[PDB]
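The chain below stands alone, shown as structure tokens; this is the form solved without its partner chain.
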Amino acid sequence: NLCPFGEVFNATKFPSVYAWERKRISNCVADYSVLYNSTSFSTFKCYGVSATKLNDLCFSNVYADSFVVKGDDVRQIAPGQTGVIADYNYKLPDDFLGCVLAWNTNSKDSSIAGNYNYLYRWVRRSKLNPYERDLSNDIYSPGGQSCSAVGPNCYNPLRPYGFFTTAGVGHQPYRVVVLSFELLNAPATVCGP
């Protein structure tokens, strides 16, 4: 059985970073070679394991998380980083065994007038815990206080990205997939060829 590499990486639509989707992979033979003649990865970095050793390892459980981020913020998807995305949207633990893949997708996620279909959170009361998701729509009083209208110092937490075709390489969309696998005393699920 082939892997669903053509179903996760060839999807029609990707979710926003604040509402990222996680998928579980069943029994599979990891044949990455069917992905080489179609796309090239601008960022491919693995922590805890060498990328060339995936052919001789079998994982207890595998998860794939998908989202889309700006170009300059791709560096924030790492164990010990700090910043807006790392604190308020997606946080990764320090003891992380997995891989991160990121590729440029300007040709279809950008436009001449601008795409505004991707949102992210810019203010939150406290920093996030690893592997957590928040879907609130409150009004962010900076100092704790109560307000029921969007006016002075009461800001909605979500703001949209700005994607233009003629923008520079730091402001171009990038699609990011995080593959996280565990090694426990359980029967193996995904194995190499």
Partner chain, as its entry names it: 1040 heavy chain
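Numbering follows the first chain given and starts at 1.
From this point on, the text means the form deposited with its partner chain bound, which you will not see here.
Of the candidate stretches 57-65, 35-43, 130-138, 22-30, only 35-43 has residues with heavy atoms within 4.5 Å of its partner chain in the bound PDB entry. Though the partner is left out of this view, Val49 does reach within 4.5 Å of its partner chain in the bound PDB entry, counting heavy atoms only. Residue contact check for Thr105: none of its heavy atoms lie within 4.5 Å of its partner chain in the bound PDB entry. In the bound PDB entry, its partner chain lies within 4.5 Å of some heavy atom of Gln81.
Annotation for 90-109: interface residues with its partner chain in the bound PDB entry are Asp94, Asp95, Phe96 [heavy atom within 4.5 Å].
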